[PDB]
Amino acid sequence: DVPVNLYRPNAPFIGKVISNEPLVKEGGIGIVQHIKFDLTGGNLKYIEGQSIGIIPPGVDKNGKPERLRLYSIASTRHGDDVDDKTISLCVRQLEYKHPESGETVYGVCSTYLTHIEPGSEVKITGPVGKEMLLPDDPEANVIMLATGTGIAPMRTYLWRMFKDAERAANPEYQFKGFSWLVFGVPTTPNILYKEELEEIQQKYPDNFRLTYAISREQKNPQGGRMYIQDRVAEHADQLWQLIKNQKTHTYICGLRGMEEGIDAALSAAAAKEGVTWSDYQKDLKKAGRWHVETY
């Protein structure tokens, strides 16, 4: 029932770019683009939580072909237009430091993708991943802990859950559980999909809670910048009480190193009731209720 590896690196799907919109608004940090691809002419199917590979053009410094980089799928199975013909990605341009040869180094595949023109052909492989899939249980609770581009799989769940055209397209899935997104970003102009996330919270105030950790605008109780781990510690008792429900699934996605602060908050909360979190978390992973994708 889960599509996997319908296309592989030795014979990828050649899709075309339809659009390439900026997501970071004026005053924000960096470049993050929303890129939609045409899937007509092939049989690429996918579902929510999965990833696809992109093969960038060119050769590395040794003269070898550039390999694929994985990107979380940012659209539901139906695409943004709910027509089953497209797929979207949420790509941040990677750039960095002086202690790495030269001055500023630009990532090959993320620079390629964030500056790609409509009409351009792209090499696509996949889909891949069964670690971040959404339960078909409409009464599930869904905790979502994201930073930056880790918002991508979360957007596929929330759109499936709360978009009107999705609800009309998926008769089998009419969500009525509770979902909570904690989204960590550096500025308010960096809140990817801010307008659409906040519209969902207005229509479904009993089914969706939205919490931000904005580091250049908020301080934690110790005086430092507000990060997602500071927000998780703030609500650690509530998050633990929801995690004890048999229906609750937790998703964590973003850049590596966010998992350590989430566990230390949830550890202190579990300890109060005589539970060892790291032991409890193993059972959750085997049960398929603890989903992690960091990179």
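The numbering used is simple: start at 1 and walk along the sequence shown.
Visitor: Going by the average Cα B-factor in the PDB entry, point out whether 100-108 or 129-137 comes out higher.
Guide: If you average the C-alpha B-factors of 100-108 and of 129-137, the larger mean comes out for 100-108.
Visitor: Check the entry's C-alpha temperature factors for 6-14 and 273-281, then say which stretch has the higher mean.
Guide: Result of the comparison: 273-281.
Visitor: Take the CA temperature factors straight from the PDB entry and tell me which of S75, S120, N190, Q222 peaks.
Guide: Most elevated C-alpha B-factor of the set, per the entry: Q222.
Visitor: In this PDB entry, which of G30, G49, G53, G257 has the top CA B-factor?
Guide: Most elevated C-alpha B-factor of the set, per the entry: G257.
Visitor: State the tercile, meaning the lowest, middle or highest third, of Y157 with respect to the CA B-factors recorded for its chain.
Guide: Tercile = lowest for this residue's CA B-factor.
Visitor: Place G184 in the lowest, middle or highest third of its chain's C-alpha B-factors, as listed in the PDB entry.
Guide: Middle third by C-alpha B-factor.
Visitor: Going by the recorded CA B-factors, say which third of the chain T250 sits in, lowest, middle or highest.
Guide: Lowest third.
Visitor: If you rank every modelled residue in this chain by C-alpha B factor, which third holds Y173: lowest, middle or highest?
Guide: Within its chain, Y173 is a highest-third residue by C-alpha B-factor, going by the deposited values.
Visitor: Looking at the C-alpha B-factor of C90, is it in the lowest, middle or highest third of its chain?
Guide: It belongs to the lowest third of the chain when residues are ordered by C-alpha B-factor.
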